[PDB]
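**Student:** Protein chains in written order, with full-length UniProt numbering: chain D, 22 to 57, 65 to 156; chain Y, 22 to 57, 65 to 156.
Below is one structure. I have some questions about it.
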């Protein structure tokens, strides 16, 4: 249970930035939206919903060695890299993603959902 | 049947350079060694026996891509490269070599012995 006090709120449905608002969060959902208990001071910030990236591949990253590591590395090493990838993605403001390829992301999604590692909400495609 | 006239001859057994000599070749062997018919004029040159390299790998060559081509290429491409490798080795003065690794060299040796391609006399080790 935390109350959020922020100076401006962006209304996604309308596409307009409103004024001061107070957001009350209990049980992980939004309960009240008073316009005009733990408290977080965001009165010098703009309120937005979390962003969704609909096309990512959290199981790897492009590099000059990307076309030779496949024959020498295992998916476990790629999972160890994906831990940092997912943390960096979450900390940039993206609370959900849609993964469109790769067989490490269904496992990363399970690990994130169980709380073992930090990351966004993953919708995984598995093998293309 | 060709007679060779060269100004100086290197005697491998003794290790000394001698004077003018005439070498008569019939049937692929040395028959006469007159000291002091087709003719080749080498009177401004030094006569030596063909050289032997006891450690070569005619089936490949080092390159920045040598650690990734193995998973993408076939031995046929390496044979096509070995054709030029063997020609260049023969033209540098090495009439025989000892190949100490590689499974393309037993086939290159057969091809050279049958006269299909140019190269030195190959003693191949096969797989190490």
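The C-beta atom is built at its ideal place from N, Cα and C for all residues, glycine as well.
Report the option in Y:35, Y:37 and Y:65 whose CA atom is closest to the CA atom of residue 44 (chain Y).
**Tutor:** In the second chain, the residue the question calls residue 44 (chain Y) occupies position 23. Checking every option, the nearest Cα to that of residue 44 (chain Y) belongs to Y:65.
**Student:** Between the alpha carbons of residue 48 (chain D) and residue 131 (chain D), how many angstroms are there, rounded?
**Tutor:** By one-based count along the first chain, residue 48 (chain D) stands at place 27. By one-based count along the first chain, residue 131 (chain D) stands at place 103. When the Cα atoms are used, residue 48 (chain D) and residue 131 (chain D) turn out to be separated by approximately 32 Å.
**Student:** Three-state secondary structure (DSSP) at residue 94 (chain D)?
**Tutor:** Here residue 94 (chain D) refers to the residue found at position 66 of the first chain. Three-state DSSP puts residue 94 (chain D) in coil, outside helix and strand.
**Student:** Looking at the unbroken beta strand (DSSP E) that takes in residue 28 (chain Y), where does it start and where does it end?
**Tutor:** Here residue 28 (chain Y) refers to the residue found at position 7 when the second chain is read from its first residue. Note, residue 28 (chain Y): beta strand (DSSP E), 23–32.
**Student:** Can you tell me the Cα-Cα spacing of residue 84 (chain D) and residue 150 (chain D), whole angstroms?
**Tutor:** Counting from 1 along the first chain, the entry for residue 84 (chain D) is found at position 56. Counting from 1 along the first chain, the entry for residue 150 (chain D) is found at position 122. Rounded to whole angstroms, residue 84 (chain D) to residue 150 (chain D) spans 10 Å at the Cα level.
**Student:** Measure how close the beta-carbons of residue 133 (chain Y) and residue 148 (chain Y) come, nearest whole angstrom, since I'm counting them as under 8 Å.
**Tutor:** Numbered from its first residue, the second chain carries residue 133 (chain Y) at position 105. Numbered from its first residue, the second chain carries residue 148 (chain Y) at position 120. Actually they do not touch by this definition, with Cβ atoms about 11 Å apart.
**Student:** How far does the beta strand (DSSP E) with residue 152 (chain D) in it reach, from first residue to last?
**Tutor:** For this step, residue 152 (chain D) is matched to residue 124 along the first chain. Residue 152 (chain D) -> beta strand (DSSP E) spans 149–152.
**Student:** Can you list, in chain order, the residues of its chain whose CB lies under 6 Å from that of residue 67 (chain Y), leaving out five sequence neighbours each side?
**Tutor:** Along the second chain, read from residue 1 onward, the residue named residue 67 (chain Y) stands at position 39. Around residue 67 (chain Y): 24.
**Student:** Relative to chain D, which residues along the segment 73–106 of chain Y have a C-beta separation below 8 Å, given in chain order?
**Tutor:** So the list reads 95, 96 and 99, given in the order they occur along the chain.
**Student:** Pull up the DSSP beta-bridge partners for residue 67 (chain Y), would you.
**Tutor:** Here residue 67 (chain Y) corresponds to residue number 39 of the second chain, with the count starting at 1. Its beta-bridge partners are Y:24.
**Student:** Quick check: what's the CA-CA separation for residue 139 (chain Y) versus residue 116 (chain Y)?
**Tutor:** Along the second chain, read from residue 1 onward, the residue named residue 139 (chain Y) stands at position 111. Along the second chain, read from residue 1 onward, the residue named residue 116 (chain Y) stands at position 88. Approximately 16 Å between the Cα atoms of the pair.
**Student:** For residue 121 (chain D), tell me which candidate among D:38, D:146, D:107 and D:142 has the shortest Cα-Cα distance.
**Tutor:** Translated into the one-based positions of the first chain, residue 121 (chain D) becomes position 93. Considering only alpha carbons, the answer is D:146.
**Student:** Just verifying my parser: in three-state terms, what is the DSSP assignment at residue 4 (chain D)?
**Tutor:** Because chain D in this structure spans residues 22 to 156, residue 4 (chain D) falls outside the shown range and cannot be described.
**Student:** Where does residue 105 (chain Y) fall in DSSP's three states?
**Tutor:** If you number the second chain from 1, residue 105 (chain Y) lands on position 77. Note: residue 105 (chain Y) maps to helix in three-state DSSP.
**Student:** Roughly how many angstroms lie between the CA atoms of residue 37 (chain Y) and residue 54 (chain Y), to the nearest whole one?
**Tutor:** Numbered from 1 along the second chain, position 16 holds the residue referred to as residue 37 (chain Y). Numbered from 1 along the second chain, position 33 holds the residue referred to as residue 54 (chain Y). Residue 37 (chain Y) and residue 54 (chain Y): Cα-Cα distance of roughly 16 Å.
**Student:** For residue 73 (chain D) versus residue 40 (chain D), is the C-beta distance shorter than 8 Å?
**Tutor:** Within the first chain, residue 73 (chain D) is the residue found at index 45, counting from 1. Within the first chain, residue 40 (chain D) is the residue found at index 19, counting from 1. No; because the gap between Cβ atoms is not below 8 Å, this pair is not in contact.
**Student:** Identify, in the order they occur along the chain, each residue of the same chain with its Cβ nearer than 7 Å to the Cβ of residue 106 (chain D), setting aside the five sequence neighbours on each side.
**Tutor:** Taking the first chain and counting its residues from 1, one reaches residue 106 (chain D) at position 78. Excluding five sequence positions before and after residue 106 (chain D), the CB atoms of its chain that fall closer than 7 Å to its own CB belong to 87, 88 and 132, given in chain order.
**Student:** Work out the CA separation of residue 46 (chain Y) and residue 114 (chain Y) for me, nearest whole Å.
**Tutor:** For the purposes of this step, residue 114 (chain Y) is taken as the residue at position 86 of the second chain. For the purposes of this step, residue 46 (chain Y) is taken as the residue at position 25 of the second chain. Their backbone Cα atoms lie some 25 Å apart in a straight line.
**Student:** Answer with buried or exposed for residue 69 (chain D), where buried requires no fewer than 16 other C-beta atoms within 10 angstroms of its C-beta.
**Tutor:** For the purposes of this step, residue 69 (chain D) is taken as residue 41 along the first chain, with counting starting at 1. Classification of residue 69 (chain D): exposed, given that the 10 Å Cβ count is below 16.
**Student:** Only counting the same chain, and skipping five residues up and downstream in sequence, which positions put a Cβ closer than 7 Å to that of residue 111 (chain D)?
**Tutor:** Walking along the first chain from the start, residue 111 (chain D) turns up at place 83. Here the set comprises 145.
**Student:** Helix or strand or just coil, what does DSSP make of residue 63 (chain Y)?
**Tutor:** Missing from the coordinates: residue 63 (chain Y), inside the break in chain Y from 57 to 65.
**Student:** Put residue 124 (chain D) into one of helix, strand or coil per three-state DSSP.
**Tutor:** Numbered from 1 along the first chain, position 96 holds the residue referred to as residue 124 (chain D). Looking at residue 124 (chain D) - three-state DSSP - the assignment turns out to be strand.
**Student:** Between the Cα of residue 156 (chain Y) and those of Y:96, Y:137, Y:75 and Y:128, spot the shortest distance and give me the residue it belongs to.
**Tutor:** For the purposes of this step, residue 156 (chain Y) is taken as the residue at position 128 of the second chain. Per the Cα distances, Y:128.
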